[PDB]
Amino acid sequence: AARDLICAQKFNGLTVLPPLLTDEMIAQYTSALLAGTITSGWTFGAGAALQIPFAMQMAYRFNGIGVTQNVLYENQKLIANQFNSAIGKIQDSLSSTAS
Amino acid sequence: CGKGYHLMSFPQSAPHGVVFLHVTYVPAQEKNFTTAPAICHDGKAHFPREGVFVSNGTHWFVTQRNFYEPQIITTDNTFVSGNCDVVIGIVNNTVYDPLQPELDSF
Amino acid sequence: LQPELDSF
Ligand SMILES: *[C@@H]1O[C@H](CO)[C@@H](O[C@@H]2O[C@H](CO)[C@@H](O)[C@H](O)[C@H]2NC(C)=O)[C@H](O)[C@H]1NC(C)=O
Ligand SMILES: *[C@@H]1O[C@H](CO)[C@@H](O[C@@H]2O[C@H](CO)[C@@H](O)[C@H](O)[C@H]2NC(C)=O)[C@H](O)[C@H]1NC(C)=O
Ligand SMILES: *[C@@H]1O[C@H](CO)[C@@H](O)[C@H](O)[C@H]1NC(C)=O
Ligand SMILES: *[C@@H]1O[C@H](CO)[C@@H](O)[C@H](O)[C@H]1NC(C)=O
């Protein structure tokens with residue numbers, strides 16, 4: 001019945017080309033970046049991937065901002081709970097707010 | 001400034017542009033090791049000042065992260081913060097004191 | 001450092 005906007009654009013010579021990287025391959029890049037971040041650290045971006053426990057990586061991250069290692073190693077569960085609550089808050093804010 | 005840990009750069013002119021030679025540092029030959037976040041000695045937790053604790057199976061060493069240069073564990077490169085029942089993954093080992101054997105040796 | 005050498 002009513003002509004679609006996409007068909008009205010197509011019938012006058014206005015086409016849209018597809019991107020080279022599909023959504024699954026962009027997601028594969030994102031998954032590779034996330035796995036290299038959480039299992040190796042910053043070493044995979046500056047050479048080969050060097051495996052390290054995540055607690056030692058976060059202790060290095062606190063050393064990067066002028067805080068010593070005992071702050072992490074004495075408050076590991078508190079930081080884990082705060083990170084999990086932050087991720088849940090991002091999830092709830094993305095589910096509710098659409099702006 | 002180039003891929004890897006950046007060391008230097010050198011400029012060169014080019015027709016309508018510039019060319020940078022980025023001299024950088026890349027680690028080469030990895031090696032597996034067993035690590036611990038801290039060492040409980042005499043009921044006190046010891047953390048490294050700079051570096052990381054590694055072990056080749058029997059003895060523990062402390063070394064910097066970007067190069068395998070193992071050294072024996074002393075009180076000069078470790079600091080004490082609290083006891084050893086809070087940190088998870090902590091191990092039992094001894095820490096050499098650089099003063100007392102030289103004191104009795106005199 | 002001083003009390004330890006005072007002990008010795
Ligand atoms: C530092 O702040 C954290 C929260 O950011 C406090 O942890 C809370 O402590 C209260 C009472 O001890 C608990 O009811 C909460 O469940 C804790 N929150 C979390 C996320 O674990 C912590 O007590 C504060 N530290 C000090 C010394 O006040
Ligand atoms: C792990 O490192 C230690 C470092 O002390 C090695 O022990 C030395 O091994 C050499 C020969 O490989 C001996 O000549 C030394 O006397 C040893 N030192 C001590 C203090 O015993 C050890 O061989 C290494 N390898 C393992 C345990 O497989
Ligand atoms: C270390 O151990 C892992 C698991 O056995 C192995 O895949 C890897 O090749 C080893 N060597 C290095 C240098 O990572
Ligand atoms: C370390 O030694 C103490 C006392 O010597 C002991 O209570 C503790 O269980 C030991 N830790 C481990 C992991 O064996």
# chains A, B, ... in the order shown; residues from 1 in each chain; ligands from 1
>>> residues_near_ligand(ligand="ligand 4", cutoff="8 Å", atoms="only C-alpha atoms and all ligand atoms", output="PDB file with C-alpha atoms, in the first residue's frame")
ATOM      1  CA  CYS B  40      54.424 -14.145  55.888  1.00  0.00           C
ATOM      2  CA  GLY B  43      53.873 -13.508  61.737  1.00  0.00           C
ATOM      3  CA  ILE B  90      50.183 -15.527  50.996  1.00  0.00           C
ATOM      4  CA  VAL B  91      52.986 -18.069  51.452  1.00  0.00           C
ATOM      5  CA  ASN B  92      55.356 -19.129  54.231  1.00  0.00           C
TER       6      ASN B  92
END
>>> residues_near_ligand(ligand="ligand 2", cutoff="10 Å", atoms="only C-alpha atoms and all ligand atoms", output="list in words")
residues 55, 56, 57, 58, 59, 60, 61, 70, 71 and 72 of chain B
>>> residues_near_ligand(ligand="ligand 3", cutoff="9 Å", atoms="only C-alpha atoms and all ligand atoms", output="ChimeraX atom specification")
/A:49-51 /B:29-33
>>> write_last_selection(atoms="N, CA and C atoms", output="compact mmCIF listing (two decimals), in the first residue's frame")
# COMPACT_ATOMS: atom_id res chain seq x y z
N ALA A 49 51.74 -11.32 25.26
CA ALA A 49 50.86 -11.32 26.42
C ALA A 49 51.53 -12.05 27.58
N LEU A 50 51.62 -11.37 28.72
CA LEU A 50 52.29 -11.88 29.91
C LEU A 50 51.21 -12.15 30.95
N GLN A 51 50.99 -13.42 31.29
CA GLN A 51 49.92 -13.75 32.22
C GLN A 51 50.29 -13.34 33.64
N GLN B 29 61.78 -12.98 25.53
CA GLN B 29 61.75 -14.40 25.86
C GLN B 29 61.14 -14.61 27.24
N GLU B 30 59.90 -15.09 27.26
CA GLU B 30 59.13 -15.25 28.49
C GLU B 30 59.54 -16.52 29.23
N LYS B 31 59.08 -16.63 30.47
CA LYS B 31 59.36 -17.80 31.30
C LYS B 31 58.29 -17.91 32.37
N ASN B 32 57.77 -19.12 32.56
CA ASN B 32 56.74 -19.36 33.57
C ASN B 32 57.34 -19.34 34.97
N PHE B 33 56.60 -18.78 35.92
CA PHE B 33 57.03 -18.73 37.31
C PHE B 33 55.81 -18.80 38.21
>>> residues_around(residues="residue 48 in chain B", least_positions_apart="2", cutoff="12 Å", atoms="only C-alpha atoms", output="VMD selection string")
(chain A and resid 56 59 to 60 63 68 to 70) or (chain B and resid 36 to 39 45 to 46 50 to 54 61 to 65 71 to 81 95)
>>> residues_near_ligand(ligand="ligand 1", cutoff="12 Å", atoms="only C-alpha atoms and all ligand atoms", output="list in words")
residues 71, 74, 75, 76, 77, 78, 79, 80, 81, 82, 83, 84, 85 and 86 of chain A
>>> write_last_selection(atoms="C-alpha atoms", output="PDB file, in the first residue's frame")
ATOM      1  CA  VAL A  71      45.432  -1.065  50.535  1.00  0.00           C
ATOM      2  CA  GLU A  74      43.812  -5.706  53.035  1.00  0.00           C
ATOM      3  CA  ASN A  75      40.584  -4.586  51.304  1.00  0.00           C
ATOM      4  CA  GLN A  76      40.185  -7.025  48.410  1.00  0.00           C
ATOM      5  CA  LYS A  77      36.609  -8.153  49.112  1.00  0.00           C
ATOM      6  CA  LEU A  78      35.431  -4.573  49.693  1.00  0.00           C
ATOM      7  CA  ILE A  79      36.819  -3.500  46.312  1.00  0.00           C
ATOM      8  CA  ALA A  80      35.299  -6.585  44.652  1.00  0.00           C
ATOM      9  CA  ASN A  81      31.863  -5.827  46.144  1.00  0.00           C
ATOM     10  CA  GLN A  82      32.103  -2.160  45.117  1.00  0.00           C
ATOM     11  CA  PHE A  83      33.061  -3.138  41.552  1.00  0.00           C
ATOM     12  CA  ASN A  84      30.185  -5.638  41.305  1.00  0.00           C
ATOM     13  CA  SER A  85      27.715  -3.057  42.644  1.00  0.00           C
ATOM     14  CA  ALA A  86      29.045  -0.491  40.152  1.00  0.00           C
TER      15      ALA A  86
END
>>> residues_around(residues="range 3-6 of chain C", least_positions_apart="5", cutoff="10 Å", atoms="only C-alpha atoms", output="MDAnalysis selection string")
chainID B and resid 99:100 103
>>> select_by_dssp(residues="chain B", states="alpha helix (DSSP H)", output="compact mmCIF listing (two decimals) with N, CA and C atoms, in the first residue's frame")
# COMPACT_ATOMS: atom_id res chain seq x y z
N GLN B 100 72.27 -8.56 61.17
CA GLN B 100 72.63 -9.47 62.26
C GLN B 100 73.80 -10.42 61.96
N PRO B 101 73.88 -11.13 60.81
CA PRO B 101 75.08 -11.96 60.59
C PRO B 101 76.36 -11.16 60.41
N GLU B 102 76.26 -9.96 59.82
CA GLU B 102 77.41 -9.07 59.77
C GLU B 102 77.75 -8.54 61.16
N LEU B 103 76.75 -8.43 62.03
CA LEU B 103 76.99 -7.95 63.39
C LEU B 103 77.73 -9.00 64.21
N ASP B 104 77.31 -10.27 64.11
CA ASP B 104 78.01 -11.31 64.87
C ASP B 104 79.31 -11.72 64.18
N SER B 105 79.46 -11.41 62.89
CA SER B 105 80.70 -11.73 62.19
C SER B 105 81.82 -10.77 62.58
>>> interface_residues(of="chain A", to="chain B", cutoff="6 Å", atoms="only C-alpha atoms", output="NGL selection string")
:A and (46-47 or 73)
>>> atom_distance(atom1="CA of residue 31 in chain A", atom2="CA of residue 55 in chain A")
20.9 Å
>>> atom_distance(atom1="CA of residue 98 in chain B", atom2="CA of residue 41 in chain B")
15.3 Å
>>> atom_distance(atom1="CA of residue 42 in chain B", atom2="CA of residue 97 in chain B")
12.4 Å
>>> select_by_dssp(residues="range 13-106 of chain B", states="strand (DSSP E)", output="ChimeraX atom specification")
/B:13-14,17-25,34-36,39-41,44-48,52-55,60-63,78-80,91-92
